[PDB]
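Beneath this line is the structure, given in structure tokens, with notes to follow.
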RNA sequence: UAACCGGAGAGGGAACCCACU
Ligand SMILES: [Mg+2]
Ligand SMILES: [Zn+2]
Ligand SMILES: [Zn+2]
Ligand SMILES: [Zn+2]
Ligand SMILES: [Zn+2]
């Protein structure tokens, strides 16, 4: 029903706080830690483990302080929440690829400014 | 608050009938019981022993006709019977 | 996708399961049913962060079980139609490409894959490949794909991927 | 001619009519007794509300029907595949299930047949 | 297999097979009767 | 005298006389389905629908025809479970 | 070589092929489908002429090889070939369909649909349908980035739909289906239908957009999709696909067959039946089991049906037949005489009575007495079977 | 079944708009065939459709997946060749017509008036009272004041069923003209005339579409294999669609307009008969069976109608009835019942470990013996009967099951005599078993019952729910209500 | 009491039309009757005797 | 050198008259 660009959804869906791959990774590892502790406890869902594996193999930052730095540094500039989350999950190194993947980002910012933002993201990315 | 008690503390026959029936219902489908019993099989006698013991884990929400509601616990509700 | 929004769902407490720990029993019960489920409005239920509040118990007239109106903050996942997400291939087949986006399953037809991105049955692992063998999509490989159609059936969300557009394939 | 053998009968959940899901009439078909209007009013005067409700709704014709929260109209439901839809809304989210008497439901179809709109919103 | 029937006004016996006109063989009388069962009957005297 | 005076004051409580007729009870706005449950049904429902009438069914027989619990005593109030005395509840077997 | 319809007789409103036209302008020769019972019921649906059957039945019949005369000079060859009146036939406004052609343009635009302009100075313009007329619509389209309200006919417009939307087939073999498109070519549009994840190649003219998905039930309202019927009184089958006159059915042994609509009969499904999967845990309908042995080894699915040693399983990941595969249960892992007979009560409180057994149990029996206007219960040990058949 | 259950708060009453009617109709393009069905198969677009609902036993609805009980019905629409109005709406229509102008369709009431403001302020939330007040004050207006036309405006009055407008010259009220001027009635004009615009409209008072109800509303029954028994609702629907097709074809090709007007008048009479068969202005319809047709207005205004004979008083089970017999040897609170009544009457019982052995004993004793059960119901809702003697694996029991068991002494039953003249006429009693087959009771209970044993039979209801049984025991019992309040 | 088969328009045949003695009446069949109507159809009449 | 399969819901209705309370 809803497209990614025009993005019609209720106000609850708008005020829903998005999450990073790394944020989901650290939160799900935390929740798995309380699941492993406090025994005689029902185990979490296979959906929970599948999401944990997907977000662990697609996590971009391995440090919580790095995650907070990325979120603050993309936060002070005016961007949409969904486009911000999509950019943080993809981490594209080129503005052309970014605007090709996200059509709603076309015309949102300048090309050189978007490329500078992507270059900053690449520099502050935690590489293994 | 404990001051705004407009309705009477005398709980009514309707209230005692409803609480007796529902108490007998979960006694019948085997919720735990906290009044001591002398040995009975029927939830009607178990529920009336509970009602005369005045130890029910149910509080009654009375709808005052302005739109507001008031809660009355069975312990502070004085029984007409 | 991953959204941190509060949800409210009604929980029915069986009277034989009252016990001493009413709140703890209800919380353990709620963590049993609500996790791993799906709905049309909110998608997959991934995790519940906090239980916001527990409402007052209301005994249903003529029904033994008591209902507790419980609101809780949770994390849910919801893919968007007309939206691109990176994915991991589960299986490659004669019929098409099967992939997983987290818990959500997506399928790609050979009319959705590029025509050059063609399958080799002679290869021992089933994989799509090009004529120049530059792009080879294997099982458990990180690819990107444009989701073009989302549909739900019996509270299960599964999608169709599209790769006619450029910059679509293995990451 | 008034013999007790000819007069005595009793019913326990026999047949139901085609038009309405209600018991038969007359002991030849093992008929049901009419819990009539003034008897219902006198039960009201006694105050046995739960007894009257069980005598009037679920021991006679209990039903369950879906209504959406947007407009108070009937919504269709394929419950085998759990697809619930209100035409004119296409919401499928702001919906609810309520317990409904069969006779009053047929009354609602008669209302819309007479072009009455009993807009029946859940909240 | 065929039924043993009684004419009534003739007080006579006849044999009738199914899907046949219900007529006496010598007079064709439409009022027509069936004989008592061969299955045993008892009655306690109460 | 309680019931007799109650009948007469309910008769005269609307600022004027109330003969027990359709010709009065249709004029008081006391519920479209009360009016339908009176001897005239189709006209009073059809006028309520024609004028677009709202009804929260604070009556009794309206609750009855909807099949749910009528709030007219023994069902007028709500029941709430007490978790404190429930946790005081000892186990039984 | 034209087509008409008859006015009178038992053959009213039936398509007949004018083969030869007599120059006398009185009667014309028609090839027609006989609505006859071959002199069996009369002392009627359309069906092919059976010369051998009507010769076997006899009666008014004359045999001349392929040519035959029957029942008041009714002429048939190979198909009735009979002369009929010019005033009794209608030679204008017949238009036989493809089924009638096998036996012997149109414009349909609806509001809410999207159509594109492919020619003229307004080329390649997609707009929503607001109105529709007969031949020259002069539509009012809602074009993208164009608030001006243009005009286009149905010949200029083409039913173009954006990628990934719910589409419906108005008519054809794939009619009544709902799905999501895969790739739009110039004439061929391929879609996966929703109830059957199956590839349908349809035309844009046959395509239509609507918001109500597939109901999953047949045209006759008798059988749904993914259903259980009887191929034959020993082997049951599962309808896995509905078709315009047929059903694609998976059999008991995993073979996909095609049967007629009336060929199979619905069987009562035991929803409380139980089965065992050789590892001694109970399995039921709508339970997730992994298939570890057999042709479908290493798979997993939900149980749709249970037979006394067999199981019908659904998997979404298997695109074939809607994941529907059947296998034996033992390769899965979880993830009276006395009725109607004269008897005697010959021992006890009712000694000496004669009764008829209406119900018999393992231990006692019900006896309707012959003396007292009452029926009682009495034990089989005290029973005695006198007389009988 | 994924939808949560809800309790109800409010209802709104309006008219159905034709666009919404043709939207929520499952029929697309309407139905336009006077045939009921095809010769061999059910027909789509005829009088009966599978899209309308489930047709036969062990069949499926075309729209929903339900069957008979689970199929709740689906609706349809029929576009009319000419718009038509009916009674009730006709009377309110002519009231609105006398309120409104004829030519310019202006308000004509001059709402910028202190009288109008006072009427609104008094009837804040009284739409019918506001309508009566504005009609009374606007009856004496004649010419327009605003209204551009200076004509006197015609007096519109009914002649039987049709309406004529006569100028100070008489003409027929065309339904198209009435629909047009009701459409030209503005929204603010509608609100100041005092009727809610969002839920109803003056141009919704006139209708151009017929909503058709499902086969639940019009059942199809088979008798001796004939299956030709169809109801007068179906017959009148066939007449309506046949006349509508005739009008549509005639306006398509002929348009001689005289046959059009005359057949439109007959179609208007037909839909008026659909509203009510009995009309003071026109004779009722006629069937070949010799009986008058039954309309829905009659079907609800009758004493056997839905509102009274099916809503206020409806048929109920769990209710025996037989003649009584004096008996002084039992107490005033007890009633004795026959063994056959006690065997054919059931009572629901929860399986608890306190009495599980006795319930198991009663179960394998079973039906057709007096202490026994006839139905066993599991936790999931599986209903298993005992009269066909299932396997002992089925006869095995666990805690929490539902037992339809024969009652014994001590159970509470309600017991009455029609008419219930006084509220003392229905008392609760404890059931007991005596050999001979009649009701046994006390003279101290006959005295309030107005009972005197000359062939008067009583009714005996037994509640199934335990809380209903408890509340009957504790409210309607004879010692608890020895003394009357009146 | 009376068994009749009505032919209707695999391995299934004409439907059952079996008229019963009414529920909760006992006793003995005393005499029976077979004749023809004015139409020519067969017509049966069975009397039920019940001592009280 | 082969092995324990089981099956029960109902079909009109509408009018008139009589009788009983
Ligand atoms: Mg008397
Ligand atoms: Zn809606
Ligand atoms: Zn003779
Ligand atoms: Zn349906
Ligand atoms: Zn004017």
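Protein chains in written order, with PDB author numbering: chain A, 14 to 141; chain B, 47 to 127; chain C, 1 to 171; chain D, 1052 to 1174; chain E, 13 to 58; chain F, 1395 to 1487; chain G, 276 to 318, 335 to 369, 371 to 396, 416 to 646, 703 to 756; chain H, 11 to 155, 181 to 203, 212 to 529; chain I, 866 to 874, 885 to 927. Cβ atoms here follow ideal geometry from the backbone N, Cα and C, with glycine treated the same way.
{"Asked": "I'd like the ranges of any beta strand (DSSP E) spanning at least 3 consecutive residues and lying wholly in the region 232-265 of chain H.", "Found": "250-255"}
{"Asked": "Helix or strand or just coil, what does DSSP make of residue 48/B?", "Found": "coil"}
{"Asked": "Name the DSSP beta bridge partners of residue 712/G, please?", "Found": "720/G, 750/G"}
{"Asked": "Relative to the C-alpha of residue 82/H, which candidate in 1113/D, 1121/D, 1120/D, 1122/D has its C-alpha closest?", "Found": "1113/D"}
{"Asked": "With 8 Å as the limit, tell me which residues of the region 379-408 of chain H have their beta carbon closer than that to any beta carbon of chain B; keep them in chain order.", "Found": "393, 395, 396, 397, 398"}
{"Asked": "Which of the three DSSP states, helix, strand or coil, is assigned to residue 326/H?", "Found": "coil"}
{"Asked": "Which whole-angstrom value describes the C-beta separation of residue 131/A and residue 114/A, a residue pair presumed to lie in contact below a C-beta threshold of 8 Å?", "Found": "About 12 Å; that fails the 8 Å criterion."}
{"Asked": "So is residue 872/I buried or exposed if we call it buried at 16+ other beta carbons inside 10 Å?", "Found": "exposed"}
{"Asked": "Hey, how far is the Cα of residue 443/G from the Cα of residue 1462/F?", "Found": "49 Å"}
{"Asked": "Using a C-beta cutoff of 8 Å, does residue 894/I count as contacting chain D?", "Found": "no"}
{"Asked": "Report yes if the C-beta of residue 116/H is less than 7 Å from at least one heavy atom of ligand 5; otherwise report no.", "Found": "yes"}
{"Asked": "By the 10 Å Cβ neighbour count, where 16 or more other Cβ atoms means buried, how is residue 118/A classified, buried or exposed?", "Found": "buried"}
{"Asked": "Rounded to whole angstroms, how far is the Cβ of residue 519/H from the Cβ of residue 470/H, which I believe are closer than 8 Å?", "Found": "6 Å"}
{"Asked": "Beta-carbon within less than 7 Å of residue 553/G's beta-carbon, same chain only, minus the 5 sequence neighbours each way: which residues are those?", "Found": "529, 536"}
{"Asked": "Using beta carbons (cut-off 8 Å, strictly below), is residue 504/G in contact with chain D?", "Found": "no"}
{"Asked": "From residue 1486/F to residue 88/B, what does the alpha carbon distance come to, in whole angstroms?", "Found": "15 Å"}
{"Asked": "Please report the distance separating the alpha-carbon of residue 63/B from that of residue 509/H.", "Found": "12 Å"}
{"Asked": "Report, in whole angstroms, the separation of the C-beta atoms of residue 370/H and residue 484/H, which I expect to be a contact under 8 Å.", "Found": "6 Å"}
{"Asked": "Could you give the first and the last residue of the continuous beta strand (DSSP E) run that contains residue 91/C?", "Found": "83-92"}
{"Asked": "Should residue 1081/D be listed as close to ligand 1, given that the test is whether its C-beta is under 7 Å from any heavy atom?", "Found": "no"}
{"Asked": "Return the first residue and the last residue of the alpha helix (DSSP H) that residue 89/B is part of.", "Found": "89-99"}
{"Asked": "In this structure, does DSSP put residue 59/H in helix, strand or coil?", "Found": "coil"}
{"Asked": "Is residue 358/H closer than 8 Å to residue 1073/D when the C-beta atoms are compared?", "Found": "yes"}
{"Asked": "Can you list the residues of chain D that residue 153/C reaches, using a CB-CB cut of under 7 Å?", "Found": "1132"}
{"Asked": "On the DSSP letters alone, give me the boundaries of the beta strand (DSSP E) that residue 44/E sits inside.", "Found": "44-46"}
{"Asked": "Closest by CA to residue 1143/D, which one among 155/C, 149/C, 66/C?", "Found": "155/C"}
{"Asked": "Can the beta-carbon of residue 419/H be found less than 8 Å from the beta-carbon of residue 406/H?", "Found": "yes"}
{"Asked": "Within a Cβ cutoff of 8 Å, which residues of the same chain sit near residue 41/H, ignoring the five residues on either side of it in sequence?", "Found": "55, 56, 57, 59, 86, 88, 255, 284"}
{"Asked": "Are the region 41-61 of chain A and the region 80-94 of chain A in contact at 8 Å, needing three or more beta carbon pairs?", "Found": "no"}
{"Asked": "Relative to the C-alpha of residue 723/G, which candidate in 51/E, 33/E, 56/E, 58/E has its C-alpha closest?", "Found": "51/E"}
{"Asked": "Starting from residue 312/H and walking both ways along the beta strand (DSSP E), at which residues does that stretch end?", "Found": "Where residue 312/H is concerned, there is no enclosing beta strand (DSSP E), although the alpha helix (DSSP H) it sits in stretches over 301-318."}
{"Asked": "Could you tell me if the beta carbon of residue 1124/D falls within a distance shorter than 7 Å of some heavy atom in ligand 2?", "Found": "yes"}
{"Asked": "Cβ of residue 38/E within 7 Å of any heavy atom in ligand 3?", "Found": "yes"}
{"Asked": "Does the beta carbon of residue 84/H come closer than 8 Å to any beta carbon on chain D?", "Found": "yes"}
{"Asked": "Under 8 Å between beta-carbons, which chain B residues line up against residue 1429/F? List them in chain order, please.", "Found": "Correct list: empty, because the minimum Cβ distance to chain B is about 23 Å."}
{"Asked": "Cβ of residue 1143/D less than 8 Å from any chain H Cβ?", "Found": "no"}
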